[PDB]
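Below you'll find the structure, written out as structure tokens, and then a few comments.
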Ligand SMILES: O=C(O)CCC(=O)C(=O)O
Ligand SMILES: [Cl-]
């Protein structure tokens, strides 16, 4: 005698439900493309100091006299000769491969080498803030108006970032884009789960994952189609405009209406669902009286000792997983092969890794799967960072294996943290873990910023942190017995056993 009873009465596989899920999961390809866009919209082409116009190249016999060479047989990327001196007349970029990126229009090079990483860090700060505050805003307003606001904000911010007079405007609009995009990312699954019955909830989760993979495909497709960054960003952001346009056709989740103390809206929504589903005859029996008889915290997380330890461990796990995943995904320039091919192979490797990880976690365990994922990924990143730049195919195979390992790690940590926490604070634990993953994704570009000290130290850290987290995760209890802890006391009793 719960909400699921009425949900099954009205259907569960009906036309409205399938249409709504296949409609709401649709912008997740644009989610993936927007998250990974910095690879194609901020690629660094080879460049050198432009010789001053005072000297003539006709009498100089070439451009070698006005440009010092580096050890790799290329003109120096930050110096120019006096007859040395830093760039004073700008930079010269080629157009053989990348017609234009941000580092060629606003010359984010030399002294301003860290500005692209700072912009990505600001986008991740926007992601964190648009999760933190928009979760409360959605809980206080709803799950449809918030979604349409997310659509509008992400589309407007994408277009405005595409047409940016300078770099500060770009960073601010990336902040706003992260806000809206994180909010839609965390509200899509919530609304879809809250409308689906029990089994189609897991079906919807798998659908969301597969759509993410298809989006990783679509990013490479668009990048091959559109090379210009000012046009690539516009092409990625345009379908979000029609998304906001047609997002008014969604139906709000009835569970949120019930939780708000009102049931007439719930009855109206269910009757509308039956009308779309065609089961008006069965939905007519629904009424306020029937619904009335059928519809019947972070402080303590850091207060309780065992809860505090468990939160610390889960925080480290989420932090390292997001760290490694974003750091490895957002670097497809120094891997030899072209960006589009490596990106499409990255998208292809996602699904088999997820299938293998699901088989492993349902076969032998979850914590050993997290071991064989995180430690393997860390070792892969270390050996990638130590392998000389000359090797290309080995580096690319290592990178795709690492991306598959990170996807498997993400799935395993989600499915493990879902059944770890007691039911009292499980949702808050999931939210805290997601926040820790987002702050790890915040810090990862900041770590990559430190490539000035050493060209390979960002990869070294990106590998090392997962290794430490894998060592840390060995102290977590195994949850193959499916005890499903209820409260803190139940957690304590099963901990000893
Ligand atoms: O592929 C990703 O971006 C995340 C992993 C995934 O498929 C999911 O979280 O559903
Ligand atoms: Cl998120």
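The numbering of chain A matches Swiss-Prot: 1-83, 102-314, 325-525, in order.
So how was this one determined? The header says electron microscopy, 3.5 Å.
Cβ coordinates are placed from backbone N, Cα and C, and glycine is handled just like the others.
The following features are taken from Swiss-Prot:
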type	residues	note
CARBOHYD	39	N-linked glycosylation site
CARBOHYD	56	N-linked glycosylation site
CARBOHYD	113	N-linked glycosylation site
TOPO_DOM	1-9	topological domain 'Cytoplasmic'
TOPO_DOM	157-164	topological domain 'Cytoplasmic'
TOPO_DOM	188-195	topological domain 'Extracellular'
TOPO_DOM	217-224	topological domain 'Cytoplasmic'
TOPO_DOM	359-368	topological domain 'Extracellular'
TOPO_DOM	390-395	topological domain 'Cytoplasmic'
TOPO_DOM	417-425	topological domain 'Extracellular'
TOPO_DOM	447-484	topological domain 'Cytoplasmic'
TRANSMEM	10-30	transmembrane segment
TRANSMEM	136-156	transmembrane segment
TRANSMEM	165-187	transmembrane segment
TRANSMEM	196-216	transmembrane segment
TRANSMEM	225-245	transmembrane segment
TRANSMEM	249-269	transmembrane segment
TRANSMEM	338-358	transmembrane segment
TRANSMEM	369-389	transmembrane segment
TRANSMEM	396-416	transmembrane segment
TRANSMEM	426-446	transmembrane segment
TRANSMEM	485-505	transmembrane segment
So which residues does the transmembrane segment (396-416) touch in its own chain, when a touch means Cβ under 8 Å and the partner is 6 or more beyond its ends?
345, 348-349, 352, 356, 385, 388-389, 422-423, 426-427, 429-430, 433-434, 436-437, 440-441, 444, 484, 487-488, 490-495, 497-498, 501-502
For the transmembrane segment (249-269), which stretch among 10-30, 136-156, 426-446 has the most Cβ pairs under 8 A?
10-30
In whole Å, how far is residue 39 (N-linked glycosylation site) from residue 113 (N-linked glycosylation site) when you measure between their Cα atoms?
17
Determine the Cβ neighbour count for residue 56 (N-linked glycosylation site): the number of other Cβ atoms within 10 Å of its Cβ.
8
Tertiary neighbours of residue 39 (N-linked glycosylation site) (same chain, Cβ under 8 Å, six or more apart):
357, 358, 359, 360, 361, 367, 371
Within the same chain, where does the transmembrane segment (165-187) have neighbours whose Cβ lies under 8 angstroms from its own Cβ atoms, ignoring anything closer than 6 residues to its ends? I mean 6 or more beyond.
24, 27, 34, 120, 124, 126, 133, 137, 152, 194-195, 197-199, 201-202, 205-206, 209, 248-249, 251-252, 254-256, 258-259, 261-262, 265-266, 268
Quick check: in three-state DSSP terms, what is residue 56 (N-linked glycosylation site)?
coil
Same chain, outside the topological domain 'Extracellular' (417-425) by at least 6, Cβ under 8 Å from its Cβ: which residues?
362-365, 370, 373
Most Cβ pairs under 8 Å with the transmembrane segment (338-358), selected from 225-245, 369-389, 485-505:
485-505
Please compute the Cα distance from residue 83 to residue 102 in Å; 18 residues between them have no coordinates.
8
Residues of the same chain, at least six outside the topological domain 'Cytoplasmic' (390-395), with any C-beta under 8 angstroms of its C-beta?
440, 443-444, 501-502, 504-508
Mind tallying the topological domain 'Cytoplasmic' (447-484) by DSSP state, helix then strand then coil?
29 helix, 0 strand, 9 coil
For the topological domain 'Extracellular' (359-368), give me same-chain residues lying six or more residues beyond its boundaries with a C-beta closer than 8 angstroms to one of its C-beta atoms, as numbers and ranges.
39-40, 43-44, 238, 241-242, 374, 417, 419-421, 423-424, 427, 476, 486-487
Since 10 residues are absent from the deposited coordinates between residue 314 and residue 325, report the CA-CA separation in Å as an integer.
23
Other than its own, how many Cβ atoms are within 10 Å of the Cβ belonging to residue 113 (N-linked glycosylation site)?
10
